[PDB]
Amino acid sequence: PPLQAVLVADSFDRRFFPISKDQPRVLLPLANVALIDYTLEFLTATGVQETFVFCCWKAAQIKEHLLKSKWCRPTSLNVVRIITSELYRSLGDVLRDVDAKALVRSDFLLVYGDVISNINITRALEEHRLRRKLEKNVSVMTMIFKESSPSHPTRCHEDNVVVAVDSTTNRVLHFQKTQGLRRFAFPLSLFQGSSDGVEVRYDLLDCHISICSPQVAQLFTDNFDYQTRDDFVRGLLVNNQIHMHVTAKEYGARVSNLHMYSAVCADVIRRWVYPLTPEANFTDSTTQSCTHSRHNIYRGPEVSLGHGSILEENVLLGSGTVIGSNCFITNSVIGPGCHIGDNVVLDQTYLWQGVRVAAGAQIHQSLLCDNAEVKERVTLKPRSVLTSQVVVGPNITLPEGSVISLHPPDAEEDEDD
Amino acid sequence: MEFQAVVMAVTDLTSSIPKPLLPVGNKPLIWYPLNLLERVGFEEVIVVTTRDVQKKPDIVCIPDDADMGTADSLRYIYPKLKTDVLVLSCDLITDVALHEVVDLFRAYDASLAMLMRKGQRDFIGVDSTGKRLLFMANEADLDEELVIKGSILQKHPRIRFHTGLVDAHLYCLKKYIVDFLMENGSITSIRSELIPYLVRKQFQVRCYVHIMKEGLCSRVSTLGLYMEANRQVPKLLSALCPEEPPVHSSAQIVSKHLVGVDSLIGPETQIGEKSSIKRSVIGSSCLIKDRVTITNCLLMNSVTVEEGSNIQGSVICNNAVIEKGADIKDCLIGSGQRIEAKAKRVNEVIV
Amino acid sequence: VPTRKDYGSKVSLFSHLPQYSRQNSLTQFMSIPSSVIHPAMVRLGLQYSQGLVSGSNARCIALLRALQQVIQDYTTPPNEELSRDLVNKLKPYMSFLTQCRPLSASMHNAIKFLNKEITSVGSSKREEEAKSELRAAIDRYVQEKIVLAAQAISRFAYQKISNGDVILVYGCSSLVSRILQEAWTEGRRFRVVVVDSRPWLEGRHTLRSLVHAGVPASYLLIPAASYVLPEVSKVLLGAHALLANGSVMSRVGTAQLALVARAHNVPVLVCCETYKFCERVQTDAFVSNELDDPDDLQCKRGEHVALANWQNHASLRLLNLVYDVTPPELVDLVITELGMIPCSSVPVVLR
Amino acid sequence: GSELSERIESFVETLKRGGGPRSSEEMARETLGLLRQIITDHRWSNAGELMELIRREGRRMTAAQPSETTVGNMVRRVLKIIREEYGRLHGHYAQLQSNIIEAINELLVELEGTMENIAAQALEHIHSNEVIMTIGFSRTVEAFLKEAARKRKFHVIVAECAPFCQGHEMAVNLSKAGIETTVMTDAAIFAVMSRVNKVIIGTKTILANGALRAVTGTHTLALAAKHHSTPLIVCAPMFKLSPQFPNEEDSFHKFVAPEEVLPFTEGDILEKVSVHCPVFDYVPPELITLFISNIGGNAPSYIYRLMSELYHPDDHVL
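Here the residue numbering is sequential from 1 along each chain as its sequence is written and may not follow the entry numbering; residues with no coordinates are omitted from view. Chains and ligands are labelled by the order in which they are written, letters from A for the one and numbers from 1 for the other. Water and hydrogen atoms were dropped before computing side-chain values, which therefore reflect all heavy atoms in the structure. Residues with missing side-chain atoms are left out of burial classes, side-chain pairs and their counts.

This entry lists cryo-EM as its structure determination method and reports a resolution of 3.1 Å.

UniProt positions are given in the numbering used here, feature names are shortened, and annotations may be inferred rather than shown by experiment. According to UniProt, the comment filed for chain D under the heading Subcellular location is "Cytoplasm, Cytosol". Note on chain D: under the UniProt heading Sequence similarities, the record states "Belongs to the eIF-2B alpha/beta/delta subunits family."

The UniProt entry for chain C carries the following comment under Subcellular location: "Cytoplasm, Cytosol". Taken directly from UniProt, the Sequence similarities text for chain C runs: "Belongs to the eIF-2B alpha/beta/delta subunits family."

So, in structure tokens, the structure goes:
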């Protein structure tokens, strides 16, 4: 059967809500490229021949962005179908609707709209199909993981997880998240059933990719209280069975906060998601052409950086990004059309399209959204966010936890300097 | 001396004869750990049995005034020991080369190294390499299901859990462990109390384990393990002591009517006419006098048959006499019991 | 103690050298309480065979620490002289240690120095004073030739590290990493490029240490050095042994990195103490070397191992070289505790 | 024509994602087949607009993967042979199809037989009881050694590549025929250079001056061979030769993900470290002694004279 996937282009949580009032999370650029573009490229490369897009919040912008992409073309292979509705507001509400409309007929892949990965799912496909054929369709979902050290910056505390898995058949017997927990509790139900190869694993990174079967849609329809995949796995492991697949040589991660954003951007810039590198141009557009150099230097067309400026390490330059003199840029991604002043340093920052930086500014570990503006003699401490063309006053330093936007109750006051 | 060997010789209906002296494979039970200690270095060994045991190295026997825990017994013999002690159980029959756990004790400078075998109630945490000990708890000890500290998982993300492992009570202890036991007298029964203490304190103190899945590693503690160990002895005794023939001792009045395959017969146990001993260990001074069919059975010593009996899957204590043609199947006959010609059920008749 | 057995077919050009396996050990046919070999020596050999201690300096430190235990526990037999009997008795221990792992040049120098010191034990001196003096002499030798001799080398290499320089180091050398760590905190702001090669992959050991020290780091494999060398301004390498003719014996990848850097006109400097200078002279990499376990060559590239079963093929042999020498013309500066003598006139100064 | 567009796009994405098939000769033959197919399934009147169309296709093709020069070389060959067909007829528009098709078929048929001709020179070069080194996996060199060993006995020492141990496969393949192979790491090259009589390795792309674009570590091997004055022999098919000059900027070597060199499970140290994994390296022609091809032994300086016969100078820049 032709492989198909279900793509959810909406995260039903307020974890990106100094920003998401303007554009959805799936449209946020990771490295000059939208988040949903990476997921679509991964789905196309992994062998999926048809995808369904379920967008509820700001569906018009998502549809407009998708229709002009390379994935909507007569020559494309992974045909996309955009389904927009304001009724559903949860993953369960979408999985119980995909069953009602009978869109899925075989083993499909359930993946969010902000997953950055290059994992080949063919081996997982074969393992899941063999398990279902041999066990009279007992397994219902194979969740893709990735072995990594717990101290890696990619593993955040919010998305941390620990499992108790039988090593013989790599089937999940317990699933819980470690959020503010110093000790972990494991029941004795799994030990009694099989005492051969029970193993507790804490070195697995939640890739958030889970290939499923229409039985999962039927179960989600049956249980109205189910809203999230975590709820489904908790309800299934208490009362069918769930297996996993462990990846060791391929990259995979889903962004959910600024920490995940920074980690994924750093990994992508350092070519950890090859061949999905900025210079590869996996999306066929003329405004994202780059050129790779030593120490991972990416330069767009017509940059024209000023004299005396040094690009130290892992910097992406957009198309038409004017750079001043005596600059110092390292570990930062700058979008197209930006104007950079003089004697200005950038360390682990992220500048989107349209930002202007005056001379003398010092920005470290910050994020600037579209059309933002920074005046002279302004110092930005780490973990500061400027959104939607907001401006700051000259000779003013922002504290560490200083998020500034034009919305009164969310963050600090408007752009009026 | 690099090591100091200690054996702790301090479940019913067969304890009239002392438990360390239980005849297993026509040999004393205490002979097996002693032989395991022997023929690999170990010219000396300390033994802490009671008076009833009257037990090659010159074994040092220390009588015990009253029953006490094994940890208390170890604390009692502190002046005798002067280095790292190797603690062994009184009733334990293995074929493993002792160097497997001694290498873990030596190379890693481990504070404790112990041996168990896979089964053929207790949860043991095993590192991915299969040697380091991480978790150890008994099911009845903790009311909560299973608690694992996050700190011990941060450094060891992968932990393998087993439930069927059987403890061999083969412990390699460092010198300061005995001092700690002396200054902390509340600790008793090292197997149940001290061992978990040294596991939770690592997260320096290190503990390693050598999991076995090929050997026997029998630890007789109940009647069920007693019968199983005897039937596996004949293969072991062939390699351990090839000098003594497995068939019979030289001073024997056996009938010479064959009917013996893979069966050990003790000294001067006269056999009558056309008997049948199939995979059974006959004791010492057993007067067999007729066509008796004995299959997979144990007779301690001085057990006499009279006229054409059937013996199947049973244990008989010493000084027991059967009468005429009784048929025996899956039974236990006490020491001195006189059972006439009848069919005996599973019931374990005792004196 | 029997001689250690071989493992697998050996290379035709490396027939003379011995090649042992890591999984098997020489302690299988040994008494559990060691009597032929001192228990400290047994522990040292077991650690050496498993690769627990592999540093050139750490191996010598551990060997001398074990020799301290051997000296302390030694007792003079009647009508015997300590100065000669100790030397005679120490030979079997080192013979046993040789089987576990081939000895390094620094080990040979330490052995020669200790033998010379033991030979000079006076007849009038009794056991206690002679043993205490020997232990104090060993400790003083360690202090003044191991930890104190590194301070001078680091302070000398301080002048050769200026602001803005990039240094390409190879392997896991304690002295080389210590130089960078001690020079980074004195004000110099440099960047280090860490280069290593499989199967040991020990460059991560110094890479992580440099990262934890705040020094910017770069990691890449040996074949990528030629690509990264144009930007490299200096090369720092550790020397396992200084030869009589000036050749620098070091890790297998050292002699090739200098050759590649010469074509790029990048200066190359090696730093080592003067106690690693061995009197033997030899210009090739074949007559004197050590063969490691060939099983480390195989890797799990993809889902299958290409060299999973290499012993089946009768014409395929795995070669795991360890050391090789570099010509004195390749390296233009040798840093020692006595100064900055050129590599050409190394023996004249070191004599 | 829709199937033609689907085929060209599919080949473009195949090049972009992962080079398939692995063998270079099979990929060149596939490029020839697809170029012939797009030749015979298009509408045109003159040669100029068809040349422009093929130029557009080739420009996209090498923009997908600049590191692969075989497709560009073969497109240049197609352009050159089309120019020959036009010149031999102009010195008059419809009859070009048959000439182009027959000439392309002849080129493909000759392309099938570029292995036996290269291997046939193994008897003259390789001798008995001589140590020969090869780095990485190269089908041409493997066939060379295997056919040379059919009548001679010698020792081959194969050095595995650093990121992908592809030398193990070559050593296993050679040892299956009884050649007495040997496997080491990349660091033993200078140590074993002492007794190595000759070095015979393959390459990926031959440049204008005779340089190489082989796998990583080739430059070090050539330098070590030159230091000990051991001759180095390069065997490569004709189509691998490219008119590209050695280097104009960076990215001459393709960079695969750093996961190959340093694994993800390292921990927090990955954030503060930069790890690079080159696949190819530059080899100056001064380190090359001889070249083996369908013609025979060619000096490294004698590499340019074939450019005029193979490629038209106007097509060098593409």
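A. Representation of the nonpolar core. Counting 84 residues, the largest nonpolar core has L168, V235 and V331 of chain C together with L241 of chain D as its most contacted members. By definition, any uninterrupted DSSP run of H or I lasting at least four residues is a helix, any uninterrupted run of E lasting at least two residues is a strand, and each is numbered from the N terminus. Top element by residues in this core is helix α10 (residues 254–263) of chain C. It accounts for six residues. Contacts: residue pairs with any heavy atoms within 4.5 Å of one another. Other than its neighbours up to four places away in sequence, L168 of chain C contacts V193, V195, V228, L229, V232, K234, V235, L236 and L257 of chain C. Within the second largest apolar cluster, 72 residues are counted, among which are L30, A31 and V273 of chain A together with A157 of chain C. The term nonpolar core refers to a set of buried residues drawn from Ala, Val, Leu, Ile, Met, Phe, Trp, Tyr and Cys, joined through side-chain atoms within 4.5 Å. Burial classification: accessible surface area is computed with a 1.4 Å probe over protein chains only, and a residue below 20% of its type maximum counts as buried, one above 50% as exposed, and the rest as partly exposed.

B. View of a nonpolar patch on the surface. Patch membership is restricted to residues that have no salt bridge and whose relative accessible area is over 30%. Joining uses 9 Å for like charges and 5 Å for the nonpolar side chains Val, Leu, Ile, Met, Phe, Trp and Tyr. Working definition of accessibility: Shrake-Rupley area with a 1.4 Å probe, residue cover restricted to the visible protein chains. By convention in these notes, a salt bridge is any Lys or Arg side-chain nitrogen within 4 Å of a carboxyl oxygen on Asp or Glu. On the surface, a cluster of nonpolar side chains totalling about 280 Å² of accessible area is made up of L13, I350 and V351 of chain B. Locating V351 of chain B in the fold gives a position in the segment after β23 (338–339).

C. Summary view of the packing of helix α8 (residues 139–148) of chain D against helix α9 (residues 167–175) of chain D. All names here are of chain D. Axes here refer to lines fitted to C-alpha atoms; in helices the fit is confined to the stretch in contact. Angles between the N-to-C directions go from 0 to 180 degrees. Taken N-terminus to C-terminus, the directions of α8 and α9 make an angle of 25°; their axes are 10 Å apart at the nearest point. Classified by the angle their axes make, α8 and α9 are roughly parallel. Seen along the crossing, α8 lies across α9 with a hand that is right-handed. Counting all contacts with α8, which are made through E142, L145 and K146, the residues of α9 involved are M170, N173 and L174. Ten residue types, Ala, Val, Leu, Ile, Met, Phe, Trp, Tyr, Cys and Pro, are classed as nonpolar, four, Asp, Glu, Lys and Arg, as charged, and the remainder, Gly among them, as polar. Classifying every residue of the contact of α8 with α9 by side-chain character gives three nonpolar, one polar and two charged. Angle categories: roughly parallel below 35 degrees, roughly antiparallel above 145, roughly perpendicular from 65 to 115, and oblique for all the rest. Whether a crossing is left-handed or right-handed is set by the direction in which the near helix is turned from the far one by less than a right angle, anticlockwise for left-handed and clockwise for right-handed.

D. Main features of the sheet that holds strand β7 (residues 268–271) of chain C. With respect to topology, seven strands assemble into an open sheet ordered β10(C)-β7(C)-β4(C)-β1(C)-β2(C)-β3(C)-β6(D), the strand pairing being parallel. In this open sheet, the two strands that pair with only one neighbour each are β10 (333–335) of chain C together with β6 (273–275) of chain D. Shown here is a sheet whose adjacent strand axes are inclined to one another by a mean of 25°, direction ignored. Any two strands with at least two DSSP-identified bridges between them are counted as paired. As judged from the five bridges shared by strand β1 (residues 166–170) of chain C and strand β2 (residues 191–196) of chain C, these two strands associate in the parallel manner. Looking at β2 of chain C, one finds that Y170 of chain C is bridged to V195 of chain C. Relative to the sheet, helix α7 (residues 174–184) of chain C contacts β1, β2, β4 (234–238) and β7 of chain C, its axis offset from that of β4 of chain C by approximately 135°.

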